[PDB]
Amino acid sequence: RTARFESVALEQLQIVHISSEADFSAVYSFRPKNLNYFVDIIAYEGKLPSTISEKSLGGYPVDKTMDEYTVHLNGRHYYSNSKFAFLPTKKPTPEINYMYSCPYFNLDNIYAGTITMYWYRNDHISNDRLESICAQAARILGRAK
């Protein structure tokens, strides 16, 4: 394999996590290429929600029918109070008050994963700062492959 994408997924999530002042932030990544049957966490920052704490964060099945998937294919960002399509667990995670996320597309211009920010406290910076932090990192992951 060529890693290198994960070196860049680390650097950008650093920026995303701190700039957004989120509690927990993750880069999700789809598999196999262009079929998006599975979703992995390839980098996180912050403290894991209690529902994924001591559990594998990889190889979780993709429900293409949840809102976030379809919304990302329309090309807009997703936020939610209680819907975490990609978070690697079936259990609900009510300790999350808010999630904001944006797709990133690889060099072949295909939905390849998400950059996602999570809040345990119900306060968070504006969605507009969330967008520009998100989009600037999305653009960098897209070039990285």
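Numbers for residues come from their place in the sequence shown, where the first is 1.
Undergrad: So which stretch wins on mean C-alpha B-factor, 50-58 or 29-37?
TA: The stretch with the larger mean CA B-factor is 50-58.
Undergrad: 103-111 versus 75-83: which one carries the higher mean Cα B factor per the record?
TA: The entry gives the higher C-alpha B-factor average to 75-83.
Undergrad: Going by the CA temperature factor in the PDB record, which third of the chain does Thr70 belong to: lowest, middle or highest?
TA: Highest third.
Undergrad: Quick check on the deposited entry: does the C-alpha B-factor of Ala9 sit in the lowest, middle or highest third of its chain?
TA: Answer is middle: the recorded C-alpha B-factor places it there.
Undergrad: Classify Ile125 as lowest, middle or highest third according to the C-alpha B-factor given in the PDB entry, relative to its own chain.
TA: CA B-factor rank for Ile125: highest third.
Undergrad: Comparing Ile140 with the other modelled residues of its chain, is its CA B-factor in the lowest, middle or highest third?
TA: Bottom third by C-alpha B-factor.
Undergrad: Taking the values exactly as deposited, rank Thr93 by C-alpha B-factor within its chain and report the matching third: lowest, middle or highest.
TA: For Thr93, whose C-alpha B-factor we compare with every modelled residue in the chain, the answer is the highest third.
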